[PDB]
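[1] show me the folded form of this:
(7 chains)
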Amino acid sequence: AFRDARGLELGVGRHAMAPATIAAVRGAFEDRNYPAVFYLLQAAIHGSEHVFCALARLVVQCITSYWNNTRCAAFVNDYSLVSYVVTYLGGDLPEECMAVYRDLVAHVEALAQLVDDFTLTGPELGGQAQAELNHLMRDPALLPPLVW
Amino acid sequence: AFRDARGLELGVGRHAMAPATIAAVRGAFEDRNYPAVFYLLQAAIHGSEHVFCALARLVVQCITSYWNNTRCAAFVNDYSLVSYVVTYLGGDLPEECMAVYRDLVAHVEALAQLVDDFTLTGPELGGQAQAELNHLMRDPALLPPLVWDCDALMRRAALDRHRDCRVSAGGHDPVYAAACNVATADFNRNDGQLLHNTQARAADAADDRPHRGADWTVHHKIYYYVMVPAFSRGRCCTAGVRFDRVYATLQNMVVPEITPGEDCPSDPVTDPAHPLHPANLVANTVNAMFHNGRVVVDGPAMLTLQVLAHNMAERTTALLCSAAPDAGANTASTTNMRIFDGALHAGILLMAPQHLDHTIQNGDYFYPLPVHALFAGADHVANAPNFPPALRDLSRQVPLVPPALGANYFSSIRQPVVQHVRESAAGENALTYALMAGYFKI
Amino acid sequence: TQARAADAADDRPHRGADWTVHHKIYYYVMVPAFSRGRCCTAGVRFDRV
Amino acid sequence: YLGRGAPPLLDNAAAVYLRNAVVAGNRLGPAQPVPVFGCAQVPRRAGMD
Amino acid sequence: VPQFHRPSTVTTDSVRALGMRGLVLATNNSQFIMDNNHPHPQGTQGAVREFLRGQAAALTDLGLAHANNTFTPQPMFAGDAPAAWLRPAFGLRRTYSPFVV
Amino acid sequence: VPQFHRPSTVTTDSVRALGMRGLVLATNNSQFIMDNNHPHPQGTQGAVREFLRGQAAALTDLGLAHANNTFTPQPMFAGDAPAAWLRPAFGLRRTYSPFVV
Amino acid sequence: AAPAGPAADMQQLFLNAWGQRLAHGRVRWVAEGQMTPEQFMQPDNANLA
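    Numbers count the residues shown, from 1 in each chain, chains lettered A, B, ... in the order given. Below, you will see the structure:
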């Protein structure tokens, strides 16, 4: 209960997330029988430029079918694919589904600038930034759990 | 919060922007998969009436294709382009898409009536009327950050001598040119030649009189320095445009000849004679460029692009300008100190950072330039090659404006206006009043 | 993950240091919030895929 | 920082960066940095309320 | 005949004699190693200038290939009309669809 | 001729000579008792490696069976164009429907 | 600075001139922006004078 007040302490209006997206994404992780073709795809793209731009029409026809299906976002488990769908796949997808992907990537970028408002500018410390000695998620000491 | 309450002090109800029409504008500065075709036109029209009213069948088919996609406005970049769609494009856009454009021109004019409330009437001072000496945005000592003309310069050159008027142009004094041509252009000239291309018609060709009168510069100033930082929340800077390849793209055309017993191709998918049909999609064509951004254009509308031969232009030039404090504040204590303002000429403001599209190299079109501390890209300044690796630590924290366009102790808007944008909690309808009550002079 | 086949880099990492900051904040903050635990990672047998 | 007993951290780039940013311009911070054996001094306030 | 790997070859009459249907295809089928043995008389400066001047003449010929399909264009603005003292001048807000069967 | 109950039989040229229409059907009509009398020279390690190398060559032949139906593919990204000094390089965002009647 | 040369290569010529000078100390006016209005009154800044 104390940490949620701290979670509300930054929810003054730095960024909000739409409730239509949340009920779609909460479904998508709770989707039983999420079709295992997508799991087979996520191995096959590698999160790579050369594969995703080549297989771009298949990703559209899968998601548009899945958007006419259960009304949840697709490929939610991989961040790499989501940023690729935002930056490459244009007006093919119906944009009630696209507004979900807008409220994910912009939500991630708003999280990153929480740190920079809480750091004092100036000199490096050997050999890293002093904006980097505060937030663990910026350190290269960590790795992402799934690295392609 | 004190400034945001001040914005609510003028938020009695002079004018309000509709809340359903705000989200179309915020999405426009949030756009990824934002097609660079629109950016190419924003360099192509230049704000010329002759070019705009010629490309009207393209732009209406561009906006309708975009408004049916995003529920977000198009051509939000150039304010000259915004008002032209409001005035000289009628109701041939849909019923809802026009109402977004109705608000913005109303909201800019709504800010203009703040000044005439807060200025007392009375005689002039040497050498300008004293209803202008309160709000900095009406003074010609400022310049808009992106000026397509020499109108703001010529309103400035009439000002008296003992307040300084020196405006440098690439290390030269400005020289004008009426119009350019295909055989005239000569892009890489270094001299003080500037351009005046945007006219109503070619029969005018004037040099020393400004086109449309002095309030037209005020509407541009109110848009870029009040409206734009409120919506964009920092995040947007300007860019110089390589006119080498922008014209070299757009004149690539593939339109097949039509059987005389056949009608006009309308459907973009099933028609083989369609220009955006996949049989006519060849790399580095403009038919390839539209399909990159999901834009549906009719066949014979494509041949209207030939007007871009006549009204052409050249390089984005950096313009320092120098004025030392406006009248009524000139004292023997304060003569020597100057106020420098940066302003690009014929430039494009980038409305969103774009990195992950490797379908366009960084620097094929646009040379990004941070004019003012308001306009500094936190992303696309850092990732424009060549960038030193030790700076992308520090590039996010402070802006990287070069003092070839003015520094943050000399420029007329200092730094802490920019930080007030990022710490805003009152919403868009209160900030636009809040900045205007900041820009009044002391 | 290369923008074209002509790069083939080893000593050059691909896209800059902000890209790894985006991934970490997604998997460790966003992902456990939505799914309420309940996820796992899986070593994928690329043989049959 | 008057205490002198506890060991500092390793990097003198970082260990001095705190000591400048805590002492300056604190009221109780030492004026001249602490002597090797003796008691450090607190600067004389110009007036007392 | 233009040779796009040689900058001294490109002239306006060489570009204009090639059709815009085949102009793009000729560029897409050349080699991408620039020969420095054939310099343009203005270098890479005027060669880009020379190439732009060839395309603009070709597209006017492309409009003449569709001139049977398009209507005659009217002046866009006012101020340009022969009978101006008894009748005011109009411009056409070009929003229609020019097409001739 | 491949015999999928014998791991030493599968080669790339044996898989490629069988069509992908009949490749799946040949696997679905074999027995499922593996004969250990015929070991592959790399065992089950290289036999899976050998089987994957046969399918990829067959699907390129499957695209050649539909090569009359598909358009010529353009480069996906920028940075690959012959006339790169007078014209910028594009990529095609492959979203269209390649089909030839 | 006065605008020297063409502006098509202005900023790339800029950062190579100032690559050292940006990172030697802290920029004054930015760090005041993150000051609490009571912290700014304190002698922590030493830029009140």
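
[2] give me the phi and psi for the residue in chain E positioned nearest to chain F.
    Nearest residue of chain E to chain F, counting by Cβ to the nearest Cβ: residue E:27, 3.9 Å away. For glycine as for every other residue, the C-beta is placed from the backbone atoms N, C-alpha and C. Residue E:27 adopts backbone torsions of phi -70, psi -30, taken as degrees, to the nearest 10.

[3] now do residue D:39
    Here is the backbone geometry of residue D:39 (degrees, to the nearest 10): phi -80, psi 130.

[4] which non-adjacent residue is nearest the residue of chain E closest to chain F?
    residue F:83 (3.9 Å; Cβ to Cβ, 6 or more residues apart in numbering or on different chains).

[5] next up, the contacts around that neighbour.
    B:284, E:4, E:27, E:28, E:30, E:32 (Cβ atoms under 8 Å, 6 or more residues apart in numbering or on different chains).

[6] and those residues, which of them are buried?
    Taking 16 or more other Cβ atoms under 10 Å in any protein chain shown as the criterion, what is buried in those is B:284, E:4, E:27, E:28.

[7] which SS class is residue A:26?
    The three-state label given to residue A:26 by DSSP: H, G, I helix; E, B strand; the rest coil is helix.

[8] can you map out the helices along chain D?
    Here chain D has its helices, by DSSP state H, at D:12-23.

[9] also chain E?
    Under DSSP H, chain E gives helices at E:12-17, E:20-27, E:43-65.

[10] now for the buried ones among the contacts of residue F:83: which two are most distant?
    Farthest pair in the buried ones among the contacts of residue F:83 (Cβ to Cβ) is B:284 and E:4. Separation: 12.3 Å.

[11] hang on, the earlier thing: and of the helices of chain E, who's closest to residue B:46?
    Closest approach to residue B:46 among the helices of chain E (Cβ to Cβ): helix E:43-65, 16.6 Å.

[12] next to chain F, which bits of chain A? Give me the list.
    Proximity of chain A to chain F, by Cβ under 8 Å from any Cβ of the partner chain, involves residues A:49, A:50, A:53, A:54, A:56, A:57, A:60, A:88, A:89, A:90, A:92.

[13] at 10 Å instead, please
    Chain A has residues A:49-50, A:52-57, A:60, A:88-92 near chain F, with proximity defined as Cβ under 10 Å from any Cβ of the partner chain.

[14] give me the neighbour count for the closest residue to chain A within chain D.
    Using Cβ to the nearest Cβ, the closest approach of chain D to chain A is made by residue D:14 at 4.7 Å. By other Cβ atoms under 10 Å in any protein chain shown, the residues close to residue D:14 number 17.

[15] ranges for the helices of chain A?
    Using DSSP H, helices in chain A cover A:2-9, A:19-30, A:37-45, A:49-52, A:56-68, A:79-87, A:95-116.

[16] and of these, who's closest to residue F:12?
    Once the helices of chain A are compared by Cβ to Cβ, helix A:37-45 is nearest, at 21.3 Å.

[17] what about that closest one, near chain C?
    Yes - applying Cβ under 10 Å from any Cβ, one finds helix A:37-45 touching chain C at A:39, A:40, A:41, A:42, A:43, A:44, A:45.

[18] ok, stretch A:133-148 near chain C or not?
    Yes - against chain C, stretch A:133-148 shows contacts by Cβ under 10 Å from any Cβ at A:135-140, A:142-148.

[19] show me which of the residues of helix A:37-45 next to chain C neighbour chain E.
    Of the residues of helix A:37-45 next to chain C, not one also sits near chain E (Cβ under 10 Å from any Cβ).

[20] of the residues you listed, which is the nearest to chain G?
    Chain G lies nearest to residue A:45 out of the residues of helix A:37-45 next to chain C, by Cβ to the nearest Cβ, at 35.4 Å.
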